[PDB]
Structures are given as structure tokens and as C-alpha cells.
């Protein structure tokens, strides 16, 4: 099955998932000089006041913090989007070292990690239908750099010991994802894809310019997770990122400057 190594990593995905070589794959390098400022783009509206986290899951590729998406409670709107997108889950991608880990890059700079808040377009009724549509998902991507701790991240970090291995989950209620956001909502946006199999070309990407800072101790806790299940040989969950893919016939737009 697919994963992050030499024989099952990103360079192999196209044999099971030929869209890997498609026209709107993610992530991409964000060449900041070439991105054009679009005065028609709106401020992003992030409305997370009523978010209901329920659980956290080690799915063997990353960990997902899941939300109750059965009512409009945590929604993304505005920005480049038409209509309303409901938060279903967030997860991260991170490196074995602080110098790598992000999926998107900014003028070829790789951040230590990248947070993905995944939302689906309510006009398609549920996530599984949304991923079959070119405007089905909106993913808010946020870079992480290592420096000062992110206090709003600590509840996540502290539960990771309980979900060390693939298939473990834990009650994870009352987590507020507002504590993972940077000060500015200035962003870049482009049409792309899921960055994991099945690599569906269903995502409007919204990548924030301002990274959040997390501490070395926080990211070290990410790197103690395992991609294996309990009772199997230990493979640290590190370097769970797909490299930048060809931009092809796409324009990256900036909400700023």
C-alpha cells in the first residue's frame, strides 16, 4: 500500500493513482514574485466559534483531529470561495528535521511542518460526494516554523502518547482550532488536489502567508508517533509530506500586496 518510503512513497503513487501526473496536482512551490495580487479576492471568513471536535485518530499516515460536520458549526467562506465549506478534520505533515516537512514551499523554502484544515462544500451534501467535484473541498494550509511554543497546540501534543500507533484513536472533544491560526489571514490561493492518495483534483487551496511558531519540544512529539500498528516493528512517523508538483497551467493569486 502507499506511504512515504523508497518503495511506496510519492514517486510510486502514480501506479495506483494515475491522476498523480494530472493537471492540477498539489502541493506546489509558491513563487511569491509571480503570484499576482487579485483585488477581487475577499478576506477569508473563518468561523470556528462553534467547532465540535470529537476525536483524534492515528490513521497510519498522519493523525486527524475530527469534527462533527453534521451541522453548520465550523465553516470557511469568503476568500476565493463561492458558498460555504464545513470543517471535517485537520492534520499535519512534518519532517524528520526542522528544515523539511511542509508540502507547499514558498520561493523553495520548506517549513518544518504544515497544518491542513479540510473543509467540504455544503452544496454537495457530504464529504464523499464533495471529493468528486472540482470545487468540492477547501483546504486552509498553515506553515509551522520552530521557535516559541504554540499554546493552542499543546492539547494535541499531549494526547499523542495515546495514539502512538496506526489505528489508535482517542476522545478529543472541546478542542478549539482557533488556537492554531496566525494573526494574519493574508493568503495565496490556487486550484489543486488532495496531497495524499487518491489525489483527487477537488481542492481550492488557501495557504496563509504567516506561519505559526511551535516549539522544538512540540514537533519532537509529532516525530515520536508511529506509522506502524501496535505490535509491529517501529517506523517513526516522519517525512509524511509530498514534494512540490508541476504548476502546469495554473495561476497562484495573492490576497495581499
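Numbering follows the first chain given and starts at 1.
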{"property": "Given 124 to 132 and 99 to 107, the range whose Cα B-factors average higher in the PDB entry", "result": "124 to 132"}
{"property": "Residue range whose averaged C-alpha B-factor is higher in the record, 180 to 188 or 151 to 159", "result": "151 to 159"}
{"property": "Residue selected from 229, 211, 27, 197 by maximal Cα B factor", "result": "229"}
{"property": "Out of 90, 94, 143, 175, residue topping the C-alpha B-factor column of the entry", "result": "175"}
{"property": "Residue 204 CA temperature factor, ranked by third within the chain", "result": "lowest"}
{"property": "Within-chain third of residue 117 by Cα B-factor, per the entry", "result": "lowest"}
{"property": "B-factor third for the C-alpha atom of residue 47 within its chain", "result": "highest"}
{"property": "Third of the chain's Cα B-factor distribution that residue 74 belongs to, per the entry", "result": "highest"}
{"property": "Third assignment of residue 21 from its chain's C-alpha B-factors", "result": "middle"}
